[PDB]
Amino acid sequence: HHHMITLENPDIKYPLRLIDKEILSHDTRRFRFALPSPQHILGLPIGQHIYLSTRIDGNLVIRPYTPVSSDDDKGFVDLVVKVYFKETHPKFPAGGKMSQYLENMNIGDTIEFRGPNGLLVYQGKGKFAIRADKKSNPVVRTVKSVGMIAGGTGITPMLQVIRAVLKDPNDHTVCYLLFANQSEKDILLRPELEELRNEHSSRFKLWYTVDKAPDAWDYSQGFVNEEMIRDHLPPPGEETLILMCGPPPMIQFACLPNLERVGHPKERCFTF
């Protein structure tokens, strides 16, 4: 390890203290935890994520999260989370476990962090180091365009990649994002994504689709489909890699068959 990082060993659990919280909307939040010292950094390679774990209602609960903060930040790590409240959705009366546990924490409480984890690591300048599985070494490839499909919270893994690309004035990679949500109010991190579209149009393309569309809507309506893929993601080729992260039903039924129809082979599709 070159830098003073927090995640020194992936097999270890690190209890971090919650030092701040922001209410972004009725059900979305920003949670900030302190690192071991104000001079530490998290130590999360781009393309990877961490897991939070704790005991809820007598069981061990583990969940993956991709921070919105980065290794440029000293002393803290920020998570942006959607809270799934109980007795709200008729189909899931109990709500979300880790998300509600987070919402119920008091400043000063701690929770365990672990990482980094993930088969994909972006090495910058278009280079992607990928492991077929955990027991293999990574195969490196260089692309010029990265298509990105996100549904719901699957957006944070894309935002981490997007910011890494744009912060490097010498990185010429172009990112294409197709962001899908239930409704306009559910478009997580819209301000941050739009600020980035503002400052780096040449390297960042952005498009949205929502299940229920308001009357004033300039984007798409409906699940991701063939047409959206063709119109908002880069065209198939060795120079193109497609990234995905969202609900299982989205990846299995709306993305793969259509990506296949359009011509993006599975060896160029990665699912976070």
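So that there is no doubt, residue numbering starts at 1 and follows the sequence shown.
Asker: Out of 89-97 and 157-165, which stretch has the higher average CA B-factor listed in the record?
Answerer: So the stretch with the higher mean C-alpha B-factor is 89-97.
Asker: Would you mind comparing 250-258 and 7-15 for me and telling me which has the higher average C-alpha temperature factor in the entry?
Answerer: Stretch with the higher mean C-alpha B-factor: 250-258.
Asker: Checking the entry, which one of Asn198, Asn181, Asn104, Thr110 has the top C-alpha B factor?
Answerer: Largest recorded C-alpha B-factor: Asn198.
Asker: At the C-alpha atoms, which of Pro67, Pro214, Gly222, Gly47 reaches the highest B-factor in this entry?
Answerer: Of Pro67, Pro214, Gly222, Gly47, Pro214 has the highest C-alpha B-factor.
Asker: Consider only the C-alpha atoms of the modelled residues in this chain, order them by B-factor as the entry records it, and name the third containing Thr54: lowest, middle or highest.
Answerer: As the PDB entry reports it, the C-alpha B-factor of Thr54 lands in the middle third of its chain.
Asker: Among the chain's modelled residues, which third holds the C-alpha B-factor of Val139?
Answerer: Tercile = highest for this residue's CA B-factor.
Asker: Can you work out whether the C-alpha temperature factor of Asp133 puts it in the lowest, middle or highest third of the chain?
Answerer: Answer is highest: the recorded C-alpha B-factor places it there.
Asker: Would you mind checking where the Cα B-factor of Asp27 ranks among the modelled residues of its chain, as the lowest, middle or highest third?
Answerer: CA B-factor rank for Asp27: lowest third.
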